[PDB]
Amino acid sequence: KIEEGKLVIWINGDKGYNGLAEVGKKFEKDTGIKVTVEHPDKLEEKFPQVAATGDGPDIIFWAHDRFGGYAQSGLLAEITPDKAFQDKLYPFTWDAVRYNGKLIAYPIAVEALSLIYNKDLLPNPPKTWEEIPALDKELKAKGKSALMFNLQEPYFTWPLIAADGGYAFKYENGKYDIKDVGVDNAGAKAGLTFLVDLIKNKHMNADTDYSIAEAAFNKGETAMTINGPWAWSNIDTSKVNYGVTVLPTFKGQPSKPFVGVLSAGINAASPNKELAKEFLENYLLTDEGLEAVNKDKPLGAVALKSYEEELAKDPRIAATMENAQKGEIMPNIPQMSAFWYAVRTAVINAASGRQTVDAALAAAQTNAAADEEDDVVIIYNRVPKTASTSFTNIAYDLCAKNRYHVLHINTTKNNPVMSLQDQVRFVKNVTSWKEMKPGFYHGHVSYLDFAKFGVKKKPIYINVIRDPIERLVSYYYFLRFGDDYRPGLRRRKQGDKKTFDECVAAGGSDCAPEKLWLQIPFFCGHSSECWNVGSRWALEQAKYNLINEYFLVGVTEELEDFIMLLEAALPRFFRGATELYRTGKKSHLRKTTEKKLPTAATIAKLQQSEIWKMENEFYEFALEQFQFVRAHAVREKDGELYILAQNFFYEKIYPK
């Protein structure tokens, strides 16, 4: 409960919160109002929650980039400083805290990342990134490391990714507004690739975080590091002779760090909006106020003109502004949250090798399109003997880390058709079982249309089918020789020497033409007509459902390409699926132990059947559709497939 009468302030732990407390103490001694400063973990995430329920701190401190979302969600109150106060702060800092014309926070300081090197180890810091690998080889030979910085927060990695071309909602002006994100273009790739190489050649270590980097550098174990003004305080204490300079260039271009402005917003639910205003305007935003804070951990270029003129003479601050200017001021639009998450995940995954750079960024471009939700559900009504085991298994292996559930649907005697009441039961489970979302449901069930049931959000359908004949042949020898997944269990007809070709020639049951009729009914659905072997109507309904209801249908013999596309369009589920497939062993699961290729004549015989022609028309339809999707989705280079970067943006947006 936001208590009235006192003030609760939240500020990140890397900042000088102890000094901030002193300003709180001064405030108590002059007004009698107690001021408590706290520094929670995941501050930028805790606030929007604890606050969305009329609770939380009175004043929230954070870079301006996230305040936009807080504003759009009505968690921030509008600040009303009179022009007398507004005039003592730099005009461009007020812009950082302006959302929809209103001022939603008080700016405090300008933060920008700089290169921080060890004078004793590296007399002359490197001007470019390209020269850091050679340097590390020399420094390694002396028991040292060249560079070390937080590879966990995209904040520290972004300067490089953006260097040659990456961006996020470039600041534009005009009668109209524009929307264009750019994390999957050449530049961004060239940048992240360079960083991934640095890890491959062991120049850097993928899981080095803020602390390991700080400790390493502050112990003179590594010549350089990348950090903000707040880090100077601890470096001073380590008697390390350091320097704060411009960031290394990449491809002849400067590193463009996303520049942020530390800001203080007032909680819209705060019953002390006034006391909050008094503290921030008459106490914190004064020379003595900022000094108390800055003495704890440097703020950088304060927004307060009177105190900046002083701090500006600090070489380190000059280095800050130099880098700051080489880059850009972060936007404060709501989209920013999705942007950071997308980029955060891409770097981490690219750095650990879980994803290639192409796959990592293609996914981030997708993930940046909206704030990630848990509301998604995938239904994969697998068709027997189509490599469904291999696939469904990729989901099982990725589900724990990717944070989603996998569930197998088991139907009595493996009947593809559920009763009407069971359909209702199934749909109700899938749409309401919140704890299973996001979820991946798979099973031997023909398509079931969720629309008829009045659901809010339909699930996403995907599938995999293979040539009609080959799947049958596969099911044939399967029943007689088992698989290599669970080799122990002898299948129902183990030890029948009758070959497929033999069965055809002798007109056996398991090789009858009507056994080809399977993939069509699985898509056609739970309709009577669907199960009339050879129905033309069912063949049309099958194609319509495949086109209208299915997200993507791949073919057994092209499983890899299928996974690649899914990893681009549905990263929450298949992020890292390609690498897993390409190097996991569990890639070609449940192979049939013994098989015997059909006869050129045995096939030509099956191909005289109406059932075959139909099931074949269907397969072709689906295959053409997959090849089409792949073709409009990727580009080839040296036999390698790459995900085309986003090819659309919004322009002429009105009003602004």
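Numbering starts at 1 and follows the sequence shown.
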* Decide which of the stretches 295 to 303 and 421 to 429 has the higher mean C-alpha B-factor, going by the entry. => 295 to 303
* May I ask you to compare 76 to 84 and 152 to 160 by their mean CA B factor in the entry and name the higher one? => 76 to 84
* From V357, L275, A231, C530, can you pick the one with the highest C-alpha B factor in the entry? -> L275
* To do: Using the entry's values, work out which of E308, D561, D397, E567 has the largest Cα B factor.
  => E308
* To do: Taking the values exactly as deposited, rank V37 by C-alpha B-factor within its chain and report the matching third: lowest, middle or highest.
  => middle
* Structure fact -> Split the chain's modelled residues into thirds by Cα B-factor; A370 lands in the lowest
* Asked: When the modelled residues of the chain are sorted by Cα temperature factor, does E45 land in the lowest, middle or highest third?
  -> highest
* Asked: Going by the entry, which third of its chain does the Cα temperature factor of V23 land in?
  -> middle
* To do: Using the B-factors in the PDB entry, rank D30's C-alpha atom against the chain and give the third, lowest, middle or highest.
  => highest
